[PDB]
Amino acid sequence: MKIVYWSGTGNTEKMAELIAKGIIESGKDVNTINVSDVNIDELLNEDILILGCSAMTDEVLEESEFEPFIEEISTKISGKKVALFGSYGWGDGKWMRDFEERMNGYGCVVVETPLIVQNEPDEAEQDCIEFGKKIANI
């Protein structure tokens, strides 16, 4: 499996690492890839796209890297299974509600409830691991 994410301070990166840990604990392998290093062709071959990005600007996906990435894969993911996650601060998940609607609009099948964690995981570390385990069970 593959996890692709964007993180500005490391919070979403930490989530990605924990999600990977859950998948691995379930007995499977998974590679964690920063969005700037992603290879689209290899990504689109995946059974499940695990995508993460923190809340940016005013409740939107990060604009310089993650957003263009989503726009690029948008027309070649209809029917693809996807799982979404990200860290946020002061809001209550609007950016993620929009991210989910967006992916559904591209024809994707959102396999689990998107995982959103406030700031660094900390107490929510296990929640991140469990999300990975659910994805590994699909």
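Position 1 is the first residue in the sequence shown; the rest follow in order.
Judged by mean Cα B factor in the deposited record, 106-114 ranks above the other of 106-114 and 62-70. The PDB entry records a higher mean C-alpha B factor for 121-129 than for its counterpart among 14-22 and 121-129. If you compare the C-alpha temperature factors of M56, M96, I40, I50 in the entry, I40 comes out highest. Looking at the C-alpha B-factors along this chain, the one for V82 belongs to the middle third. In the PDB entry, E101 places in the lowest third of its chain by CA B-factor. Sort the modelled residues of the chain by CA B factor and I3 lands in the middle third.
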